[PDB]
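Just so you know, residue 1 is the first one in the sequence shown, and it goes up from there. Keep in mind that the numbers below use all heavy atoms, side chains included, and drop hydrogens, waters and symmetry copies. In each ligand, atom 1 is the first atom listed, and ligand 1 is the first ligand listed.
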Amino acid sequence: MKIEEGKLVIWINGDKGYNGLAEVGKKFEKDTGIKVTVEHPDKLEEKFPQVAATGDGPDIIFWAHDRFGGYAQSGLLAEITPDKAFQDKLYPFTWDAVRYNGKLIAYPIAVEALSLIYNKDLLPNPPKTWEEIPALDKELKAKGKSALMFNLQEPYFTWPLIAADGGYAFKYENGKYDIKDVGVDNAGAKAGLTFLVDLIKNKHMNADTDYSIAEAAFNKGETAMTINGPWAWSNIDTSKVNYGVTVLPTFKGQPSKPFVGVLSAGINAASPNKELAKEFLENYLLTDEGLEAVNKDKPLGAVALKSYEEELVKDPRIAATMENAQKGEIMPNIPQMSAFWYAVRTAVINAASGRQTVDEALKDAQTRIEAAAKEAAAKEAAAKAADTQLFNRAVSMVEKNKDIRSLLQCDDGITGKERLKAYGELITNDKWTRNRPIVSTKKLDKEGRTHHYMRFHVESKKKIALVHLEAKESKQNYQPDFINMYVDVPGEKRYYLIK
Ligand SMILES: OC[C@H]1O[C@H](O[C@H]2[C@H](O)[C@@H](O)[C@@H](O)O[C@@H]2CO)[C@H](O)[C@@H](O)[C@@H]1O
């Protein structure tokens with residue numbers, strides 16, 4: 001089917017507080033009469049781009065922010081429109097994580113980082129280093145226990161150890177990522193994955209262990225430690241295991257460096273319910289009461305909402321979470337993240353299962369990511385060329401229109417027309433000598449067709465106007481067709497050049 005007008009469908013991962021979120025949905029339905037249906041499909045992060053490209057899927061998708069730049073580039077997410085008053089309700093750094101090409105593409109919900117979770121009755125004192133763990137596992141087998149179990153199927157859980165001694169995804173220097181500098185097969189990444197492979201080789205961990213297997217072992221007290229995020233605390237609470245939440249152990253004297261996620265809520269570009277989605281997210285979910293309902297189901301981590309974080313921050317489990325977060329790094333949201341995760345997933349599973357060697361595994365991953373970065377570079381180049389061409393076309397149409405020139409109070413005399421200035425917004429942080437990105441946002445419609453939106457200024461000596469355009473891809477291999485173009489000049493009514 002296709003997205004249904006007049007209700008909301010929400011997708012969120014099955015490890016999160018989806019029941020709590022449904023409760024917030026029910027409140028919205030009681031107050032407004034709008035039905036909110038929460039679903040938690042498997043492989044949500046892979047299903048969404050498939051269905052959203054055919055105008056299907058949820059109105060709202062929840063995932064960590066790392067997936068969202070990819071979705072935005074593909075036109076699957078609507079730019080969100082929160083006013084200044086609302087934006088002020090959330091921490092600036094959380095908004096930063098959902099910024100793509102300088103625009104907001106989702107609402108931040110909560111900061112997630114992995115910590116070491118330990119059973120206090122089995123280990124009153126948790127180990128400071130990865131290195132102590134094999135000896136620890138020896139003392140525990142004698143009591144039939146084991147030292148450590150965590151999900152070896154998802155590289156999110158293995159990444160902190162790979163990064164510890166020097167591994168990195170993309171070289172982050174000052175503000176920008178150099179995607180041509182990937183650190184997944186450097187000496188640092190090798191040591192970490194090697195050490196993990198050794199735990200398995202030496203039978204302290206089993207390569208087949210996944211999320212549910214690790215969680216069950218810890219929650220039943222069969223293993224003394226696990227590695228997991230805030231969402232997992234709720235089930236441990238139920239289990240009546242006495243647990244602490246603490247800093248990940250060091251590797252080679254250095255902190256484990258978890259990749260930190262900001263759980264975020266994006267609106268499907270193809271949804272006919274964008275204003276309902278906005279109202280739900282801003283007025284119901286991102287409230288103390290709304291986040292409480294979700295958090296009480298499964299802990300969110302450190303929430304983006306300042307007023308409610310003030311309550312949560314008291315929790316030592318949250319302090320531990322933020323302490324691991326500060327030792328790690330906020331994930332990029334660049335579109336190459338999906339490729340990075342796929343490559344590293346295959347590397348870890350292949351190296352764990354003894355299939356490929358560590359050096360074979362990481363080389364293949366590195367090659368894959370480098371290849372993905374190369375095509376991604378070409379794609380960005382094509383996009384800038386295309387945007388430049390769109391801007392140039394609209395500048396021509398605007399500048400040649402006699403009514404618009406009159407509104408701009410152009411000085412057109414016998415020598416010729418006044419040369420007009422055209423430049424991008426505006427307002428997009430630190431691009432001076434009037435040198436600005438001139439970038440379009442992309443949205444798919446319910447038919448799956450690509451629309452390009454662009455805003456820019458045109459300036460005469462007397463007036464500065466703001467131009468908005470919307471172009472639609474042709475079914476041919478033609479240039480995009482302009483379907484809406486209008487100009488706002490201070491003092492004057494909006495002028496529609498194309499209605
Ligand atoms: O393992 C690769 C996977 O890592 C992250 O996913 C985390 C997610 O952020 C957490 O919220 C929780 O659901 O566990 C997931 C790992 O299973 C990235 O967000 C994701 O893109 C990536 O594929």
Short question: side chain of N119, backbone of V241 - any donor-acceptor pair under 3.5 Å? no

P316 versus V245: any side-chain heavy-atom pair under 4.5 Å? no

For a quick check under 3.5 Å, do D59 and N273 share a side-chain donor-acceptor pair by atom type? yes

Closest to atom 10 (C) of ligand 1 among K43, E154, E112 (heavy-atom distance): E112

Which heavy atom of the protein is the closest neighbour of atom 21 (O) of ligand 1, given with residue, atom name and distance? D66 OD2, 2.5 Å

Closest to atom 9 (O) of ligand 1 among protein heavy atoms sits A64 CB, 3.4 Å

Using the salt bridge (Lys or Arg N to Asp or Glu O under 4.0 Å) rule, pick out the option among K257, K190, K252 that qualifies with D165. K252

Which of the numbered atoms in ligand 1 are below 4.0 angstrom from a heavy atom of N13? 13 (O)

Would you confirm whether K240, through its side chain, and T238, through its main-chain N or O, come within 3.5 Å as a donor-acceptor pair? no

Using only atom types and a distance under 3.5 Å, with no angle test, would you say the side chain of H204 pairs donor to acceptor with the backbone of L148? no

Any donor-acceptor pair under 3.5 Å linking the side-chain atoms of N13 with those of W231? no

Contact partition for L263 relative to ligand 1, non-hydrogen atoms under 4.0 Å: neither

Below 4.0 Å, non-hydrogen atoms only: which portion of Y211 touches ligand 1? Side chain, backbone, both or neither. neither

Close approach, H65 and ligand 1, non-hydrogen under 4.0 angstrom: no

May I ask you to identify the nearest protein heavy atom to atom 23 (O) of ligand 1, giving residue, atom name and distance to one decimal place in Å? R67 NH2, 2.7 Å

Proximity flag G261 to ligand 1, non-hydrogen atoms under 4.0 Å: no

Which protein heavy atom lies closest to atom 4 (O) of ligand 1, and at what distance to 0.1 Å? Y156 CB, 3.3 Å

Tell me whether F259 reaches ligand 1 (any heavy atom closer than 4.0 angstrom to a ligand atom). no

Could you list the atoms of ligand 1 found under 4.0 angstrom from a heavy atom of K16? 10 (C), 11 (O), 12 (C), 13 (O)

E45, portion touching ligand 1 at heavy-atom distance under 4.0 Å: neither

Check the side chains of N235 and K298 for a donor-acceptor pair under 3.5 angstrom, ignoring hydrogens and angles. yes

Is the NZ atom of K2 crowded by more than 12 outside heavy atoms at less than 6.0 Å? yes

